[PDB]
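**Student:** Residue numbers (the authors' numbering): 1 to 108. We put the CB at the ideal spot given by N, CA and C, even for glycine.
1. Hey, how far is the Cα of residue 3 from the Cα of residue 26?
2. Quick one: any contact between the stretch 88 to 101 and the stretch 40 to 51, if contact means 3 or more CB pairs under 8 Å?
3. Let me know the secondary structure DSSP gives residue 16 once reduced to three states.
4. Does the stretch 29 to 37 come close enough to the stretch 68 to 75 that 3 or more CB-CB pairs lie under 8 Å?
5. How about residue 102 and residue 84: are their beta carbons less than 9 Å apart?
6. Jot down the residue ranges of each uninterrupted alpha helix (DSSP H) in the stretch 19 to 105, minimum 4 residues, whole runs only, in chain order.
7. Does the Cβ-Cβ distance between residue 44 and residue 67 come in under 9 Å?
8. Select from 35, 63 and 21 the residue whose C-alpha is nearest the C-alpha of residue 90.
9. Round the Cβ separation of residue 19 and residue 88 to the nearest angstrom and send it over; I've been treating them as touching at under 8 Å.
10. For residue 14, which option in 42, 53 and 37 has the closest C-alpha, if you only look at C-alpha atoms?
11. Nearest-angstrom Cα distance between residue 35 and residue 78?
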């Protein structure tokens, strides 16, 4: 049971591959330590995740001050829990980012 040192760029292939859908209750150890970032329904997962992987500071900090990107505490915890709770989670190299599944406005 030797833990495979993940030196492969499978994370790149995952992040820029597609989004992932999971239950919120699986992400409990992630927001507990604070390794969980919340993204708004207006934005997308790939654009916030590439920013947090690529260290794109103007991209990240624009959404931090703009309120499109945040971190998941107790307020966001009970929010997502009582919202879906099934939501779109994409694991970036440092941390995971989540968007709500329930898009209340979908006009295309």
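**Tutor:** In terms of the structure at hand:
1. In a straight line, the C-alpha of residue 3 is about 21 Å away from that of residue 26.
2. In short, these stretches touch, since the Cβ pair count reaches three.
3. In the three-state reduction of the DSSP assignment, residue 16 falls in the coil class, being assigned neither a helical nor a strand state.
4. Short answer: they touch.
5. In this structure, residue 102 places its C-beta atom within 9 Å of the C-beta atom of residue 84.
6. Within the stretch 19 to 105, complete alpha helix (DSSP H) segments of at least 4 residues are found at 28 to 32, 45 to 53, 57 to 66 and 74 to 83, given in chain order.
7. Cβ distance not < 9 Å, so residue 44 and residue 67 don't count as in contact.
8. Relative to the Cα of residue 90, the nearest Cα in the group 35, 63 and 21 belongs to 21.
9. About 5 Å; that satisfies the 8 Å criterion.
10. The shortest Cα separation from residue 14 among 42, 53 and 37 belongs to 53.
11. Their backbone Cα atoms lie some 17 Å apart in a straight line.
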